[PDB]
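Q: Chains from the complex, first installment, not repositioned:
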Amino acid sequence: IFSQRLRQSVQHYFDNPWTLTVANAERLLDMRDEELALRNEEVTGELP
Amino acid sequence: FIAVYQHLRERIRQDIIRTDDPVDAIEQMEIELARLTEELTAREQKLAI
Amino acid sequence: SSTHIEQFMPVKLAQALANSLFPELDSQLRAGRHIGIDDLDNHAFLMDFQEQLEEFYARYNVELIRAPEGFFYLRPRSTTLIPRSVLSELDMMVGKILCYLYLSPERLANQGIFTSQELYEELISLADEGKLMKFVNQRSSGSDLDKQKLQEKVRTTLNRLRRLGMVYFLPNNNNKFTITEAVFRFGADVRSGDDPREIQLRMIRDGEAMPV
């Protein structure tokens, strides 16, 4: 019953091309991480 | 009535149930229900042991 | 009385939203994933609270829909609060071929495990090879280089359909995969034996499928 039903459809798709719909919610935009920059200060002090 | 039949025609599930006549599809569905019931019985028997 | 859940929400709906499976499933459903019988946890959860989830998502102007084959998915309306997108025609070729594979009893002996090569061979068997080649590259005339390009595009689309939940790769082998019942939505244009154009118009009116 379906062999003909579906096979002809594939054969002749491009005479009536159609497309399905899907949910495509947006992605969460985030900041691009810049190269990590630490604080360097060569601290000194009197030792207890 | 034609609209009701057209509505139901699309709602058939898979190949073995593709009797395009809905009323004829009912009994095939119920045959599946019986088959499923037997499988369930065997599986629960296995689970007990 | 006041300060009582029932004032603002049905108890069953609040009970569903408080479940530990909800966040994963909501994130995936909004992403377009289809839910079949195999992932029991999610499918059973959907069955338990179906009406509550349908009424909830209705607030966004989207229908939570259940196909007769038993798989759930989201279909946005025209006034949808959530964006909507359409698949490519190559995606359709591979999808219909995956469906035909699922039905085929001659290959039932594979026990569900298929290889990309077999899929490619079936596709080329039914479609017009060279004229379908027109979409891969405008200058293709059967060259093996262009054949490899077609194979790689097929591989990529198959991966994308994996993300949609239409197919599962094996745990250790990425060259072999197993089908799921969600593929049957590719047959929506032929499952009823009637005039194709009226079927097409009904689908487009229902929001299932757009033209190109």
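A: Done, it's in. Numbers count the residues shown, from 1 in each chain, chains lettered A, B, ... in the order given.

Q: Measure how buried the residue lying closest to residue C:181 once chain neighbours are set aside is and give me the count.
A: In space, and not counting its chain neighbours, residue C:181 is closest to residue C:69: 4.7 Å by C-beta to C-beta, 6 or more residues apart in numbering or on different chains. (Each C-beta comes from the backbone N, C-alpha and C, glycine too.) When neighbours are counted by other C-beta atoms under 10 Å in any protein chain shown, residue C:69 registers 17.

Q: What of residue C:9?
A: Residue C:9, neighbours per other C-beta under 10 Å, totals 13.

Q: what do you get for residue C:45?
A: The burial count for residue C:45: 20, using other C-beta under 10 Å.

Q: for the residue of chain C found nearest chain A, phi and psi?
A: Closest approach between chain C and chain A, counting by C-beta to the nearest C-beta: residue C:85, at 3.6 Å. Phi and psi for residue C:85, reported as degrees, to the nearest 10, are phi -140, psi 160.

Q: correct me, but it touches residue A:26?
A: No - counting by C-beta atoms under 8 Å, residue C:85 stays clear of residue A:26, with 10.6 Å between them.

Q: List the residues that contact the residue nearest to residue C:181.
A: For residue C:69, the contact set (C-beta atoms under 8 Å, 6 or more residues apart in numbering or on different chains) comprises B:13-14, C:181-182, C:184.

Q: Where does it sit: helix, strand or coil?
A: Assigned with DSSP: H, G, I helix; E, B strand; the rest coil, residue C:69 falls in the coil class.

Q: One more: the one 5 residues further on?
A: For residue C:74, the assignment made with three-state DSSP gives strand.

Q: which residue ranges form the strands in chain C?
A: In chain C, the segments counted as strands under DSSP state E are C:62-66, C:72-76, C:84-86, C:113-115, C:167-169, C:176-179, C:209-211.

Q: also put chain D on there:
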Amino acid sequence: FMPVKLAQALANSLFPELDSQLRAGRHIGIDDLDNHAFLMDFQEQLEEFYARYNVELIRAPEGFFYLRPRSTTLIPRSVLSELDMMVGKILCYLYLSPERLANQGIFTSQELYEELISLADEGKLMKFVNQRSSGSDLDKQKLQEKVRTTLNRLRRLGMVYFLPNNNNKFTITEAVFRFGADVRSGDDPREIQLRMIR
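A: Adding chain D to the chains above:
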């Protein structure tokens, strides 16, 4: 069960739209009267609601709200382009004191285009368009097109509000501070912003 106030909050008619905007990464400022008031009222519960997604709901010290995903985020993440942060830091610079007298809060695309071209170094500009480019008209046209594109992206983030007409003139919101520099006791904002832009 579920906390009563959380159920009340998410039962509100404003929630679905705000949820859709937040998951897209939009920032809610003091401009959006109703949304901002809603967040102010139900923050204590919305923070818990979004923690279930491994995503953080933060209120910036300036006053605007936004979401920050963790590494284990349940919402699919996406990341801005280099040119995007360049433009963002430029807008942060334009949120200046003489701005009030210069433009009364309403800028034009050309202000930003010329500021970007004047303040940035040529090498990173070429890296933005394409390394093969060299000081040519078509490259500048492409850079203008890219500037308009990224500006629209930022408008989707809520950073910049276009005035309602087809022409490209806009106003800068306080939430642009997210691009800004670290502030230390007594430091001049102009200098530190320029120091990072360099």
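
Q: Please re-evaluate the neighbour count of residue C:9 in the presence of chain D.
A: Neighbourhood size, residue C:9 [other C-beta under 10 Å]: 20.

Q: Check the spacing between it and residue C:78 real quick.
A: Residue C:9 sits 28 Å away from residue C:78, going by C-beta to C-beta, to the nearest Å.

Q: now swap in residue A:42 and tell me
A: Using C-beta to C-beta, we find residue A:42 at a distance of 64 Å from residue C:78.

Q: of those two, who's got more company?
A: Legend: neighbour count by other C-beta under 10 Å for residue A:42 and residue C:78, higher for residue C:78 (7 against 4).

Q: The more buried one - nearest residue in space that isn't next to it in sequence?
A: If you skip the residues right next to it in sequence, residue C:78 has residue C:207 as its closest partner in space, 7.4 Å away by C-beta to C-beta, 6+ apart.

Q: roughly how far apart are that neighbour and residue C:62?
A: Distance check for residue C:207 against residue C:62: by C-beta to C-beta, it reads 10 Å.

Q: Common neighbours of these two, please.
A: With contacts defined as C-beta under 8 Å, 6+ apart, the residues shared by residue C:207 and residue C:62 are C:75-77.

Q: From the residues you listed, list the buried ones, please.
A: Taking 16 or more other C-beta atoms under 10 Å in any protein chain shown as the criterion, what is buried in those is C:75-76.

Q: quick check: domain ranges of chain C?
A: Following CATH domains of a matching chain, one finds the domains of chain C at C:5-76, C:89-187.

Q: that older thread, what's near enough to touch the residue nearest to residue C:78?
A: Counting by C-beta under 8 Å, 6+ apart, residue C:207 touches A:21, C:75-78.

Q: still on that earlier bit, okay if I get the shared contacts of residue C:207 and residue C:62 as TSV plus distance to chain D?
A: Formatted as TSV, the shared contacts of residue C:207 and residue C:62 follow (distance: C-beta to the nearest C-beta, whole Å):
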residue	distance to chain D
C:75	17
C:76	12
C:77	13
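
Q: Chain E should go on the structure too:
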Amino acid sequence: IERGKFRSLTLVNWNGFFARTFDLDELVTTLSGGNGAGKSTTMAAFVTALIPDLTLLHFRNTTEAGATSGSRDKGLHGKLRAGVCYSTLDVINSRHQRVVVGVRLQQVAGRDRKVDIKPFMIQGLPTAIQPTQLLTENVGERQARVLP
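A: Just below you will find chain E, in place on the chains above:
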């Protein structure tokens, strides 16, 4: 069997501490001093050195205890000074082995008050070496410097 013990705790370049080492007791160790002296800070340094998972660490005030707040700031950054910082523990194993665990902490430049952590471990260190001296270089006339 002889159970293991914590010998000491060391802090370097914390808020108010340049290089200080507390010698713990076998049973009980007490910290006293007026408000704002730095007791809770010492607690925080210890626990940070024990579980460096930055997702978990959250130092609320003693008031507001038990309130799940999601505060904008976890409260660790302000307890550190600019430059490099350390927090280390000396432990005597049941096998009578001396092992020094710890972490290197450092503020992140940028508007967000973020922090960087890098754990480390030392085994076999001679008993005569003190962590305070091991982590610093004597530059100038008794004016030591910390080293990365």
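
Q: Please reconsider the neighbour count of residue C:9 now that chain E is part of the model.
A: Counted by other C-beta under 10 Å, the residues lying close to residue C:9 total 20.

Q: Could I get the contacting residues of it?
A: Residues near residue C:9 by C-beta under 8 Å, 6+ apart: D:7, D:11.

Q: go on, residue C:80?
A: Residue C:80 makes contact with C:60-62 under the criterion C-beta under 8 Å, 6+ apart.

Q: hmm, try it at 10 Å
A: Residue C:80 makes contact with A:21, A:23, C:60-63, C:74, C:207, D:20, according to C-beta atoms under 10 Å, 6 or more residues apart in numbering or on different chains.

Q: Of those, keep whichever come out buried.
A: Buried members of the contacts of residue C:80, scored by 16+ other C-beta under 10 Å, are A:21, A:23, C:60, C:62-63, C:74, C:207, D:20.

Q: buried residues in the lengthiest helix in chain B?
A: As assigned by DSSP state H, the longest helix anywhere in chain B is helix B:22-48. Along helix B:22-48, these residues count as buried under the neighbour rule (16+ other C-beta under 10 Å): residue B:25.

Q: got it, and stretch E:51-62?
A: Neighbour counts over stretch E:51-62 (16+ other C-beta under 10 Å) mark E:52, E:57, E:59 as buried.

Q: List the contacts of residue 28.
A: Going with chain A. By C-beta under 10 Å, 6+ apart, the contact list for residue A:28 reads D:22-26, D:53, D:55, D:67-69, D:73, D:75-79.

Q: for those, which one is nearest residue E:36?
A: Of all the contacts of residue A:28, residue D:68 has the smallest distance to residue E:36: 31.6 Å, by C-beta to C-beta.

Q: Can you name the residues in contact with stretch C:123-137?
A: Residues outside stretch C:123-137 that contact it (C-beta under 10 Å, 6+ apart): A:6-7, A:10-11, A:13-14, C:88-90, C:93-94, C:96-98, C:100-101, C:139-143, C:145-147, C:149-154.
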